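Asks: Shown below is the structure under consideration.
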Amino acid sequence: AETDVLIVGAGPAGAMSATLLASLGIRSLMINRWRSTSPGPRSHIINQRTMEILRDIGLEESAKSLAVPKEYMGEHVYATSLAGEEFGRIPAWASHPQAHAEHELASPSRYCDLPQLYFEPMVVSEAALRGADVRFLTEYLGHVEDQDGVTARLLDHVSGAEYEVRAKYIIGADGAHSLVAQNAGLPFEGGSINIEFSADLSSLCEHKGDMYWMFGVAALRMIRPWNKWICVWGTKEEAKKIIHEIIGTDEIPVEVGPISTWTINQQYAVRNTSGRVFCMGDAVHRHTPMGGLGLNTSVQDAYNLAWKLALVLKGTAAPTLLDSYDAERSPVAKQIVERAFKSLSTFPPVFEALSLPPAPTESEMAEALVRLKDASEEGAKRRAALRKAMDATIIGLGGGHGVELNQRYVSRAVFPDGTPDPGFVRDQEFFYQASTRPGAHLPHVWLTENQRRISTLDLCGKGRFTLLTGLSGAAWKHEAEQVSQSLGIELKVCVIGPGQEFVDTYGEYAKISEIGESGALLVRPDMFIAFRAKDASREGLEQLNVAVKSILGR
Amino acid sequence: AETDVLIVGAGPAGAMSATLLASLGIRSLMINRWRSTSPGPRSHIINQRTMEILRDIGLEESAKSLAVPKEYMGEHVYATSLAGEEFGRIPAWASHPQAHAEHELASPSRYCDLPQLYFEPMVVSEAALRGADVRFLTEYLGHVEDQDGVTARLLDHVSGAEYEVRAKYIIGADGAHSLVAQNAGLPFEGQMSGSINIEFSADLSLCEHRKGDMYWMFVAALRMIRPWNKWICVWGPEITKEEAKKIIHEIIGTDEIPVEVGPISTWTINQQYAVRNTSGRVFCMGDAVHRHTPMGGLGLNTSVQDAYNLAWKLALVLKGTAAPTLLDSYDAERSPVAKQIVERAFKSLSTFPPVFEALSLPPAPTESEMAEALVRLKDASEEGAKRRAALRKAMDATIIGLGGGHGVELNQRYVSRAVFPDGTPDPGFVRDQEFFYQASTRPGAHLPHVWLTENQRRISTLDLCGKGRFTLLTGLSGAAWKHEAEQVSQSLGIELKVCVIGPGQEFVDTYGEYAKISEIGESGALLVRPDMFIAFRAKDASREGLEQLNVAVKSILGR
Amino acid sequence: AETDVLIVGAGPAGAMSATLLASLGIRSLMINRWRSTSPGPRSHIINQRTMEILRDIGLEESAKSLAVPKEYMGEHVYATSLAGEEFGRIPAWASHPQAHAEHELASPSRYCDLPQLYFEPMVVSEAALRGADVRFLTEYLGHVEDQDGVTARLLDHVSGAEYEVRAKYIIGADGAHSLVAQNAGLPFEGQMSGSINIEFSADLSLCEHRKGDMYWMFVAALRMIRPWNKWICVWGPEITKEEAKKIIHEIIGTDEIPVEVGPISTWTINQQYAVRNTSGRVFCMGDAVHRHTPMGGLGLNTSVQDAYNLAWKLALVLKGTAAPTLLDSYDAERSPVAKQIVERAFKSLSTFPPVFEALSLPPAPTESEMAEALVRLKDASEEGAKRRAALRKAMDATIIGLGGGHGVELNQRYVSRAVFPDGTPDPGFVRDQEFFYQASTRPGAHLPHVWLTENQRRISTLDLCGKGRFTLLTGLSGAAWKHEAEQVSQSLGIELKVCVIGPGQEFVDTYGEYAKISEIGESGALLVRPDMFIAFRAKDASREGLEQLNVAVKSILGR
Ligand SMILES: Cc1cc2nc3c(=O)[nH]c(=O)nc-3n(C[C@H](O)[C@@H](O)[C@H](O)COP(=O)(O)OP(=O)(O)OC[C@H]3O[C@@H](n4cnc5c(N)ncnc54)[C@H](O)[C@@H]3O)c2cc1C
Ligand SMILES: Cc1cc2nc3c(=O)[nH]c(=O)nc-3n(C[C@H](O)[C@@H](O)[C@H](O)COP(=O)(O)OP(=O)(O)OC[C@H]3O[C@@H](n4cnc5c(N)ncnc54)[C@H](O)[C@@H]3O)c2cc1C
Ligand SMILES: Cc1cc2nc3c(=O)[nH]c(=O)nc-3n(C[C@H](O)[C@@H](O)[C@H](O)COP(=O)(O)OP(=O)(O)OC[C@H]3O[C@@H](n4cnc5c(N)ncnc54)[C@H](O)[C@@H]3O)c2cc1C
Ligand SMILES: Oc1ccccc1-c1ccccc1
Ligand SMILES: Oc1ccccc1-c1ccccc1
Ligand SMILES: Oc1ccccc1-c1ccccc1
């Protein structure tokens, strides 16, 4: 066999990599050891970044069709059991009107709930459709790197045959026990039971959290509303009884599905790249599910890498473009492993406000409910203490908008404009802050195209660089054309303004851009700003060719 | 003829007064000179306070059934003409996601567009159903007041007969040229210009991919009556005939959608407010006491709130439960609102000339001058850039009269004998008090909205209150409020419902939002008037706290 | 006081008459004894004919905004109690897919549930807006007729004054005990029993996974007012107090949903129809001429159609465009409908005893007897099977009064001087004329509905017609109808709009459904009255065809 990129693994990271590469016209072979996509719902929270990426590749509408929308995700309930009485509720997944505003303003996309069970075949199929070779029941065994490429040994679980594939690059998207990361010698620094069942819980959810949390803490998570379910906590037909005491009524017929377990050794790779091997997804960040960062960061790893491999494979970028994958994504790996872990400590204070031990008996828990309804000033302090504790759990339940969106890249693939880092006005984990400084994601605002709403993001992406400016920045069109033909790279210029293809109909682009109208923003295929000019002066214009060459390593 | 309250006028203020008075079991006769409710769409923006009032009396659902919802009000377009090129668009009626958040947080209710044409009969019919006598084609001619009541002379435009009505009180809800205000001798201030309104019908392809309450042409307005067949053009005694059809054509920018030229009507305004709204047994409300520009859509809404302020007070006085001095609080609380909206509606006018100024245009531009301004606007120079920025800045500043004024709509601050001060100073406003609502539980402020639950289903704090009575809100540790309330209730012969909000209770602070908004400990209490204003606040359930309730209620009632 | 038409009554018939008369530019005074529109929900089923009439006068959209739609009316449940076990369910209000097809094909409009409580003010307000004078708290006492008009004596319940009105005509729309019918000396026939109605409020979990207009308990009815908070219980001068709350409880089958016992009202019916509806200058309509059971919901609907039949006729006569003999056609066309619905509503009653009979029950079963019938119903024997089949057969037969009667609702067949016979025999009905609508374009039948297009957007044949005037429909090869129509129109001084339906025309037979329904060649013509009835039909555009139009119109107008 032979291919440009061997992608080991067909999870979210591998499948997205395959899809992106196949789109840019790069030959890839994506393999998977197992028969199918993941049989479990597993990760389910899709954040705005992943939806933006789906939007870019044309899959957002299908995703939205299958996904449960944001407004059926917000009603988070803390209770003894679902049919029982509830401690109280928190506005999960940005369902508070203020959080919702902040959500809406940050992206054209929105949170939704789309279990991996469904996300995966949607991306695996799109990858093969766009031109990726996809091969399941095929196991990566090892590889040898020379400085011309790589030779991997594969075991075929259908024919029993063992064969070699010659590639230029590997992508290790092979999950939390990546043999690819092990063979690349990547340095790393820094459990639960799931039960799928089926029961009509419509009556006791009609009147719309994405999750029910029962205090040992047991999560009742919506798979499909509201007939397919999953219980998760920190087994035989007893699992039925486990689903009965968590529902707090054995009155609904329950259909006990598959029972699995999930163990996690929380670590991140300090480096994600070794020679021609690039690792991504769970392979470089293993962590708790708090905040639902896993799948989303993994897909974003793929989006960062694919266009860079394509430019290098095409000879348009020097191979040093690829150094920026480690530079930009490794800090995200460490960040999310640390954040997901930190969120765990938001939970003991809930038990403590109850005046409970880590493991409460049934008499101890019923006693805490009593103390909670106590008409004394001490009862009041108790109710306030409980509320304060529950509120603090939001950081892992949709509160973490800043973590999700505030990527700040520093690398050779980002050309500094000379401004200092403005930092963040408010807490950078809770709150997204838009920035057009190179290294930040292009901000979303609405423009119009034929008086119909279009995002700044929809002007960009599609595997190419895009330059955004205004009418007084007309010279950018010519300058980008000279740079484009000399460097042999596509540079799409959009001049936003009255009477143009795209129009700053609400004035929001002028508002968000941070530069004069004649300034320009150069946006990477992955939606990150890589160059910013403040005006269309001679010196401003001349710097474009310098920045693009620099980004390309030429 | 004999009644307790003669209501002169069946517009929004009169009709709401009749409905509330009837719901409170007060006999009223509401009259109207004309044969019907108002033929024209007229006022159409229904703000959250009016919707709350509709919510309280059970008309909010029917109101929403008929009204156009907030999400179809947001695209205001500034353009040369409808089918022409836009200057740009503003996120009117709190349609910006941030403005929307602030909107949603403030009230269980929402902006909608409901023309008077439909609002009026909905309230007039409810008033008659609830027990009010309603008599149209009946004209108030005058009255004489004595110590015990008032005798008005009426002219019946059906029988030609002239007859008298004996009433204890007269409501002057008779509009911008109130004869009742004139006869009561109300002083008016702030006297410091008309508009023509053309209805037409046309299926307007071009007002869909936006969805907006209005289109402004540079100044003509193309406002929505029904989306999007019905239509009305407005601009600043004038005749006009069939060229009005032409006048519709060049404001639509094309003449190939058939249009049906409906009724043509003028509206003149002599901007003024009454500095006092009450004289003896005469109370004036609505346009009768505040005459102003339509900017901000404050008219109808403030008028309905005038009625909501007065009705429960008249009912208590007529029932002998409150002394007649309770009615003094109507002028104290509503007159400042009257002056406020007249001044605000006027001020919003001066936000439009800078738009012409940014375009380097005269107040009255020809079609060459305007076509030139459009060219200059697409100029690829730094001076073109400055112009585009200047235009945007000007257009943005118009938002204050087009949904920006949330603060104006909601930040009522009452000081009177019907509000018992709790001893705290006025915290004032953190942000601009015209643009931004600030919730407050200090006496004199409207009860803040948050969501509670009742059987795990969401209910507003507002839904715990109102219904023509006083309500006291507290938490579990404030249990003593129930008994204290009962003693005060039986002794003063006044209804006072206590809600203990908490776990295992009828109403539950499920989101913790009540503890967060209340500004007091759980054992504290808020006393809410029938009109949803807080009239008393205790910080805890101490003896001194508890004993003050009776004092406050007696004080509010004037007893 | 002086008017053209004095309308006695402001119920559905009177209000619709006032609205139509005002739309036709006829001066009317509509009076009502009481202070408001009807406080009770009362009639609530709005059939397609009433919706068509609302469509014609532009109120269908607001009607639909308020009404519950057909898809939420279909699950009728027969049960012991609400929270108890069902006997079974019928596909009420044409909810069976076949019945739904037949429903949809018949009309552009659809069944909805709109309580009188809301229908009435919507029409009363429209009548006043369109130009009618409306005067409530005003009581008709009597009248004397002479050659030139009528003088009625009125009592004003506001002023106490008694006064006279001079009118050319009096409409008796004054309900089931019409004093106007009594004074006109109308004969009544078919004299060959009351019901109590209890309003209450409760959130009823159990009426959701079905979605039905009513619940029948074995006989009590639990009918929907609003889905599903509002409620009303109905069963066959009686007092009742708080046990009515208990009476609600055992009909709900549980006592753990809070309920709020509203107003309690009785309804007695003396079943009769007027054999004639007109005497001199007096015309009676609505309950005044047909008093009957609610089975089938025919009352309000037939009453509104009475008004629709009469109004355009009065307008032509008052304008001098038609001779007064045109009004003779009101009795000829509407009296048979009156007798028909009284007999049908009554007949539907006898469909309920077989239900008790299939259950081997007495007319009045105890709770042991009923519990035994439920046991027998689950018996695993062939005799149990026969019982289950017998129950189903009985329940199915009740559909005729619960939406089965499409034929009754729509198959009006007019014979009078206001319908010009075309010489064809009566084709009669292929299927049962009570159950099934049969479309017909023969003179005397309602214009059939099919979809055409106008700018490729769907429009009903009905939407081409109505609006207070005559309309002529034809196709391209019938072009000569336009000129012929114009000559007849100018000579008789009557408006007559011609629509040429075809390719490239204003209205297009896009689906070929007009050619399919018309029963005539393309060059043929249908003349449609303002009330949507076909009054003339020509088979082609021959000379003899064309010349007959003038003859028909003169004949219809009595000239
Ligand atoms: C069992 C389980 C349950 C989870 N539940 C949750 C949850 O509830 N909430 C949450 O937020 N996250 C959850 N996660 C984490 C989540 O699934 C993501 O972190 C994400 O799936 C990681 O994507 P990858 O695309 O990086 O990993 P993977 O989805 O694990 O994909 C790795 C792929 O490589 C394949 N592979 C591995 N080794 C080889 C080999 N030698 N040769 C060929 N193919 C190979 C695997 O078959 C697989 O297809 C769960 C993960 C697991 C494993
Ligand atoms: C033509 C027109 C267009 C308008 N357009 C807008 C708009 O676009 N936006 C906006 O915000 N506001 C608009 N308004 C103003 C708006 O309708 C409100 O200010 C509001 O209706 C005032 O309520 P009232 O209830 O205070 O006044 P009114 O609605 O005017 O009611 C007064 C009532 O008293 C009756 N009456 C008066 N004198 C007597 C008497 N002597 N005897 C018996 N009855 C009497 C009147 O007939 C009427 O029923 C418009 C007003 C008019 C007239
Ligand atoms: C309590 C009740 C319950 C009903 N429930 C149902 C039901 O469930 N289903 C159903 O199909 N039908 C029901 N009906 C009957 C139904 O309301 C219709 O038959 C219809 O309203 C009759 O229309 P009208 O317009 O013909 O009669 P009405 O609606 O009765 O109108 C008559 C009008 O004339 C007025 N009037 C009478 N006498 C005088 C006078 N001397 N002077 C001035 N005004 C006068 C009356 O006040 C009223 O305004 C019910 C009727 C009643 C009374
Ligand atoms: O599934 C999740 C999504 C976001 C945040 C936390 C979780 C989760 C955390 C622990 C067990 C089950 C689910
Ligand atoms: O109808 C309006 C609502 C809010 C603000 C302004 C207007 C308006 C103001 C002047 C002319 C037409 C409409
Ligand atoms: O309200 C109805 C509508 C259609 C058919 C019958 C009824 C009815 C008949 C008797 C008592 C209650 C309701």
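Quick note on naming: the chains in the structure tokens go A, B, ... in the order shown, residues restart at 1 in each chain, and ligands are numbered from 1 in order of appearance.
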Hey, which residues sit close to ligand 2? Say within 6 Å, counting only C-alpha atoms and all ligand atoms, and write them as an NGL selection string.
Replies: :B and (8-14 or 31-34 or 42-43 or 138-141 or 173-175 or 179 or 266-267 or 286-288 or 294 or 297-300 or 303)
Asks: Could you write those residues out with N, CA and C atoms, as a CSV table (one decimal), in the first residue's frame?
Replies:
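File produced: out-v3.csv:
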chain,number,residue,atom,x,y,z
B,8,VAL,N,-64.6,58.7,31.7
B,8,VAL,CA,-64.9,59.4,30.5
B,8,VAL,C,-63.8,59.0,29.5
B,9,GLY,N,-64.2,58.2,28.5
B,9,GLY,CA,-63.2,57.6,27.6
B,9,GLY,C,-63.1,56.1,27.6
B,10,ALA,N,-63.0,55.5,26.5
B,10,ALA,CA,-62.9,54.1,26.3
B,10,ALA,C,-61.7,53.7,25.5
B,11,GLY,N,-60.7,54.6,25.5
B,11,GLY,CA,-59.4,54.2,25.0
B,11,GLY,C,-58.7,53.3,25.9
B,12,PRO,N,-57.4,53.0,25.7
B,12,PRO,CA,-56.6,52.1,26.5
B,12,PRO,C,-56.7,52.4,28.0
B,13,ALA,N,-56.6,53.7,28.4
B,13,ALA,CA,-56.7,54.1,29.8
B,13,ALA,C,-58.1,53.8,30.4
B,14,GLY,N,-59.1,54.3,29.7
B,14,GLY,CA,-60.5,54.1,30.2
B,14,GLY,C,-60.9,52.7,30.3
B,31,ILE,N,-67.9,55.7,29.3
B,31,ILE,CA,-68.5,56.2,28.1
B,31,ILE,C,-67.5,56.6,27.0
B,32,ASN,N,-68.0,56.7,25.8
B,32,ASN,CA,-67.2,57.0,24.7
B,32,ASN,C,-68.1,57.8,23.7
B,33,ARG,N,-67.6,58.9,23.2
B,33,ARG,CA,-68.3,59.7,22.3
B,33,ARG,C,-68.6,59.0,21.0
B,34,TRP,N,-67.7,58.2,20.5
B,34,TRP,CA,-67.8,57.7,19.2
B,34,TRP,C,-68.5,56.3,19.1
B,42,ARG,N,-52.9,53.1,15.1
B,42,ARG,CA,-52.3,54.0,16.1
B,42,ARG,C,-51.2,53.4,16.9
B,43,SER,N,-51.2,53.5,18.2
B,43,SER,CA,-50.1,52.9,19.0
B,43,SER,C,-50.1,51.4,18.8
B,138,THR,N,-71.9,58.3,23.4
B,138,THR,CA,-72.4,59.1,24.6
B,138,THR,C,-71.3,60.1,25.0
B,139,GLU,N,-71.6,61.3,25.0
B,139,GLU,CA,-70.7,62.4,25.1
B,139,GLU,C,-70.7,63.1,26.5
B,140,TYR,N,-69.6,63.2,27.1
B,140,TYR,CA,-69.5,64.0,28.3
B,140,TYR,C,-69.5,65.5,27.9
B,141,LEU,N,-70.4,66.2,28.6
B,141,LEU,CA,-70.5,67.6,28.3
B,141,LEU,C,-69.9,68.5,29.4
B,173,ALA,N,-60.4,59.9,31.2
B,173,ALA,CA,-59.6,59.2,30.3
B,173,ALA,C,-59.9,59.6,28.9
B,174,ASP,N,-60.2,60.9,28.7
B,174,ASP,CA,-60.7,61.3,27.5
B,174,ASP,C,-59.8,62.0,26.5
B,175,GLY,N,-58.5,61.6,26.6
B,175,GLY,CA,-57.5,61.9,25.5
B,175,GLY,C,-56.9,63.2,25.5
B,179,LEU,N,-61.6,67.4,27.9
B,179,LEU,CA,-62.5,68.4,28.5
B,179,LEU,C,-62.6,68.2,30.0
B,266,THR,N,-54.6,62.2,9.9
B,266,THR,CA,-53.6,63.0,10.4
B,266,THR,C,-53.6,62.9,12.0
B,267,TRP,N,-52.5,63.3,12.6
B,267,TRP,CA,-52.3,63.2,14.0
B,267,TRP,C,-51.5,64.4,14.4
B,286,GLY,N,-53.8,58.9,31.1
B,286,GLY,CA,-53.6,58.7,29.7
B,286,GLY,C,-53.2,59.9,29.0
B,287,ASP,N,-53.5,60.1,27.7
B,287,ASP,CA,-53.3,61.2,26.9
B,287,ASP,C,-53.8,62.5,27.5
B,288,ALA,N,-54.8,62.4,28.4
B,288,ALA,CA,-55.4,63.5,29.1
B,288,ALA,C,-54.4,64.2,29.9
B,294,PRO,N,-44.6,59.9,19.3
B,294,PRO,CA,-44.7,58.4,19.4
B,294,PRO,C,-43.3,57.8,19.7
B,297,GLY,N,-42.8,54.5,21.8
B,297,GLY,CA,-44.0,53.8,22.1
B,297,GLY,C,-44.4,53.8,23.5
B,298,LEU,N,-44.3,55.0,24.2
B,298,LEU,CA,-44.6,55.1,25.6
B,298,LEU,C,-46.0,55.4,25.9
B,299,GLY,N,-46.7,56.0,25.0
B,299,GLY,CA,-48.1,56.5,25.2
B,299,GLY,C,-49.1,55.5,25.8
B,300,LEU,N,-49.4,54.5,25.0
B,300,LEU,CA,-50.4,53.6,25.4
B,300,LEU,C,-50.0,52.8,26.6
B,303,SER,N,-50.3,55.0,29.7
B,303,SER,CA,-51.7,55.2,29.9
B,303,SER,C,-52.3,54.0,30.6
Asks: Set the cut-off to 9 Å, count only C-alpha atoms and all ligand atoms, and list whatever residues fall near ligand 5 as JSON, numbers by chain.
Replies: {"B": [42, 43, 44, 45, 93, 195, 196, 197, 213, 214, 216, 219, 220, 221, 222, 223, 233, 234, 235, 236, 293, 294, 295, 296, 297, 298, 345, 348, 349, 401, 402, 403]}
Asks: Using only C-alpha atoms, pick whichever of A:342, A:89, A:287, A:441 has the shortest atom-to-atom distance to chain B.
Replies: A:89
Asks: Restrict the calculation to only C-alpha atoms, then for each residue of chain B with any atom at most 7 Å from an atom of chain A give the closest atom pair and their distance in Å to one decimal, rows by chain and rising residue number, as JSON lines.
Replies:
{"residue": "B:88", "atom": "CA", "partner": "A:505", "partner_atom": "CA", "distance": 4.9}
{"residue": "B:89", "atom": "CA", "partner": "A:506", "partner_atom": "CA", "distance": 5.2}
{"residue": "B:90", "atom": "CA", "partner": "A:506", "partner_atom": "CA", "distance": 6.2}
{"residue": "B:97", "atom": "CA", "partner": "A:101", "partner_atom": "CA", "distance": 4.9}
{"residue": "B:98", "atom": "CA", "partner": "A:101", "partner_atom": "CA", "distance": 5.4}
{"residue": "B:101", "atom": "CA", "partner": "A:97", "partner_atom": "CA", "distance": 4.9}
{"residue": "B:104", "atom": "CA", "partner": "A:97", "partner_atom": "CA", "distance": 6.8}
{"residue": "B:105", "atom": "CA", "partner": "A:97", "partner_atom": "CA", "distance": 6.8}
{"residue": "B:209", "atom": "CA", "partner": "A:452", "partner_atom": "CA", "distance": 6.2}
{"residue": "B:378", "atom": "CA", "partner": "A:498", "partner_atom": "CA", "distance": 6.0}
{"residue": "B:380", "atom": "CA", "partner": "A:472", "partner_atom": "CA", "distance": 4.3}
{"residue": "B:381", "atom": "CA", "partner": "A:472", "partner_atom": "CA", "distance": 5.0}
{"residue": "B:382", "atom": "CA", "partner": "A:472", "partner_atom": "CA", "distance": 5.9}
{"residue": "B:385", "atom": "CA", "partner": "A:517", "partner_atom": "CA", "distance": 6.3}
{"residue": "B:392", "atom": "CA", "partner": "A:507", "partner_atom": "CA", "distance": 6.4}
{"residue": "B:457", "atom": "CA", "partner": "A:207", "partner_atom": "CA", "distance": 6.1}
{"residue": "B:476", "atom": "CA", "partner": "A:375", "partner_atom": "CA", "distance": 5.0}
{"residue": "B:477", "atom": "CA", "partner": "A:375", "partner_atom": "CA", "distance": 4.4}
{"residue": "B:503", "atom": "CA", "partner": "A:373", "partner_atom": "CA", "distance": 5.9}
{"residue": "B:510", "atom": "CA", "partner": "A:88", "partner_atom": "CA", "distance": 4.9}
{"residue": "B:511", "atom": "CA", "partner": "A:89", "partner_atom": "CA", "distance": 5.2}
{"residue": "B:512", "atom": "CA", "partner": "A:387", "partner_atom": "CA", "distance": 6.4}
{"residue": "B:522", "atom": "CA", "partner": "A:380", "partner_atom": "CA", "distance": 6.3}
Asks: Generate a file of the selected residues that holds C-alpha atoms, formatted as a CSV table (one decimal), in the first residue's frame.
Replies:
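Okay, this is what ended up in selection_8.csv:
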chain,number,residue,atom,x,y,z
B,88,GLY,CA,-28.0,50.0,7.3
B,89,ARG,CA,-30.0,48.3,10.1
B,90,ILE,CA,-30.5,48.7,13.8
B,97,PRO,CA,-28.7,39.4,22.0
B,98,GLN,CA,-27.4,41.5,24.9
B,101,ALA,CA,-31.0,39.1,27.7
B,104,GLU,CA,-35.9,38.6,29.3
B,105,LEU,CA,-34.4,39.0,32.8
B,209,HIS,CA,-35.7,37.9,5.1
B,378,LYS,CA,-19.4,54.1,-1.2
B,380,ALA,CA,-13.1,54.2,-1.4
B,381,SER,CA,-11.3,57.0,0.5
B,382,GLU,CA,-10.4,57.6,4.2
B,385,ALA,CA,-14.6,55.7,5.7
B,392,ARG,CA,-23.4,54.3,11.7
B,457,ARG,CA,-43.2,24.3,36.6
B,476,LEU,CA,-39.1,29.5,55.4
B,477,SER,CA,-37.3,31.3,58.2
B,503,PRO,CA,-38.1,23.9,49.7
B,510,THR,CA,-35.7,26.3,42.5
B,511,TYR,CA,-33.0,28.3,40.8
B,512,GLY,CA,-32.0,30.3,43.9
B,522,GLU,CA,-34.6,34.8,53.9
Asks: Would you give me, as an MDAnalysis selection string, the residues in region 254-468 of chain C that DSSP reads as alpha helix (DSSP H)?
Replies: chainID C and resid 299:318 328:347 353:358 367:377 382:397 406:410
Asks: Please write out the residues within 7 Å of ligand 1 as a VMD selection string, counting only C-alpha atoms and all ligand atoms.
Replies: chain A and resid 8 to 14 31 to 34 37 42 to 45 138 to 141 173 to 176 178 to 179 261 to 262 280 to 283 289 to 290 292 to 295 298
Asks: Define the interface residues of chain B facing chain C as those within 10 Å, counting only C-alpha atoms, and report them as a PyMOL selection string.
Replies: chain B and resi 1-3+29+34-40+61-67+117-118+120-122+124-137+156-165
Asks: Between CA of residue 529 (chain A) and CA of residue 440 (chain A), what is the distance, to one decimal in Å?
Replies: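 A separation of 5.7 Å between them.
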